[PDB]
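J.:
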Amino acid sequence: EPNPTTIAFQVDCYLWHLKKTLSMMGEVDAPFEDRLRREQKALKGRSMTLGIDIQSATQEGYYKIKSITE
Amino acid sequence: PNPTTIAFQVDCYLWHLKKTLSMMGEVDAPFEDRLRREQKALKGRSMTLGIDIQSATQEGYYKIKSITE
C-alpha cells in the first residue's frame with residue numbers, strides 16, 4: 002500500500018530534473034524549456050500543498066524511475 | 003542534434019515511463035489525467051515532425067540513460 006499521490010510528486014520532480022538537465026546541456030528547444038518553467042511553478046505549488054521537499058522528492062523519483070527500467 | 007527532435011524523443015520515452023507507472027497503479031489520477039492529455043499532444047507533434055512515436059521512444063530511452071545518474 003504505497004502512496005500514489007506522493008510517488009507521482011516524486012516522479013514528476015525527478016523527471017523535471019532530468020528534463021532540466023538536458024536543457025542545461027543545450028540539447029532541447031525553446032518550447033521544451035518553456036514547459037520547464039511552467040512545470041516548475043507547478044511543482045512549487047504542489048510542493049507547498051503536500052508539504053514535501055522537492056530536493057527530497059527528486060531522490061525518490063530517481064529511485065522509482067530506476068526500478069522500472071535499470 | 004537537433005534540439006526539437008531530442009526534445010520529442012525525450013518527451014515520448016518519458017511518456018512511456020509515466021504510463022508504465024500508471025499501469026503499475028503507483029501514481030494518482032491527476033498524473034493519469036496529465037498522461038492522457040499529453041498523449042494527444044505527442045500525436046500532434048509526431049505528424050508535425052514526421053517522426054513516429056515508437057521510434058522516438060526507442061531513441062528517448064538511450065538519450066536519458068546517458069544522463070541517468
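Chains as they are written, first to last, in the authors' numbering: chain B, 2 to 71; chain A, 3 to 71. Where is the CB? At the ideal position from N, CA and C, for every residue including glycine.
(1) Applying the criterion that 16 or more other CB atoms from any shown protein chain within 10 Å of the CB defines a buried residue, is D13 of chain B buried or exposed?
(2) Compare the C-beta of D30 of chain B against all C-beta atoms of chain A and say whether one is closer than 8 angstroms.
(3) Which class does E40 of chain A belong to by DSSP, given the choice of helix, strand or coil?
(4) In angstroms with no decimal places, state the Cα-to-Cα distance between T59 of chain B and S57 of chain A.
(5) Can you tell me where the alpha helix (DSSP H) holding residue 144 of chain A begins and where it ends?
(6) If you count every other CB in all the chains shown that lies within 10 Å of the CB of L51 of chain A, and 16 or more means buried, which is it?
(7) Applying the criterion that 16 or more other CB atoms from any shown protein chain within 10 Å of the CB defines a buried residue, is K67 of chain B buried or exposed?
(8) Check whether the Cβ of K45 of chain B lies closer than 8 angstroms to any Cβ atom in chain A.
(9) What separation, rounded to the nearest whole angstrom, lies between the Cα atoms of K42 of chain B and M49 of chain B?
(10) Quick one: residues in its chain with C-beta nearer than 7 angstroms to the C-beta of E61 of chain A, no 5 flanking neighbours on either side, listed in chain order?
(11) So for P32 of chain A, helix, strand or coil by DSSP?
(12) Are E28 of chain A and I8 of chain B touching if we call contact CB-CB under 8 angstroms?
(13) Can you list, in chain order, the residues of its chain whose CB lies under 7 angstroms from that of residue 1 of chain B, leaving out five sequence neighbours each side?
T.: Short version:
(1) In the first sequence, residue 13 of chain B corresponds to position 12, counting from 1. Buried, because 16 or more other Cβ atoms sit within 10 Å of the Cβ of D13 of chain B.
(2) Reading the first sequence from its first residue, position 29 is the one you call residue 30 of chain B. Yes, contact with chain A.
(3) Within the second sequence, numbered from 1, the residue matching residue 40 of chain A stands at position 38. Look at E40 of chain A here: in three-state DSSP terms it is helix.
(4) Here residue 59 of chain B refers to the residue found at position 58 when the first sequence is read from its first residue. Here residue 57 of chain A refers to the residue found at position 55 when the second sequence is read from its first residue. Cα-Cα distance, rounded: 28 angstroms.
(5) Not covered by the structure: residue 144 of chain A. The range shown for chain A is 3 to 71.
(6) For the purposes of this step, residue 51 of chain A is identified with residue 49 of the second sequence, where counting begins at 1. Per the 10 Å Cβ criterion, exposed.
(7) Taking the first sequence and counting its residues from 1, the one referred to as residue 67 of chain B is at position 66. Exposed is the call here.
(8) Along the first sequence, read from residue 1 onward, the residue named residue 45 of chain B stands at position 44. Not closer than 8 angstroms to any Cβ of chain A, the Cβ of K45 of chain B fails to qualify, so no.
(9) Within the first sequence, residue 42 of chain B is the residue found at index 41, counting from 1. Within the first sequence, residue 49 of chain B is the residue found at index 48, counting from 1. In a straight line, the C-alpha of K42 of chain B is about 11 angstroms away from that of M49 of chain B.
(10) Taking the second sequence and counting its residues from 1, one reaches residue 61 of chain A at position 59. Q11.
(11) Looking up residue 32 of chain A in the second sequence gives position 30. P32 of chain A falls in the helix class under three-state DSSP.
(12) Along the second sequence, one-based indexing puts residue 28 of chain A at 26. Along the first sequence, one-based indexing puts residue 8 of chain B at 7. At the C-beta level, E28 of chain A and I8 of chain B come within 8 angstroms of one another.
(13) As shown, chain B starts at 2 and ends at 71. That puts residue 1 of chain B outside it, with no answer to give.
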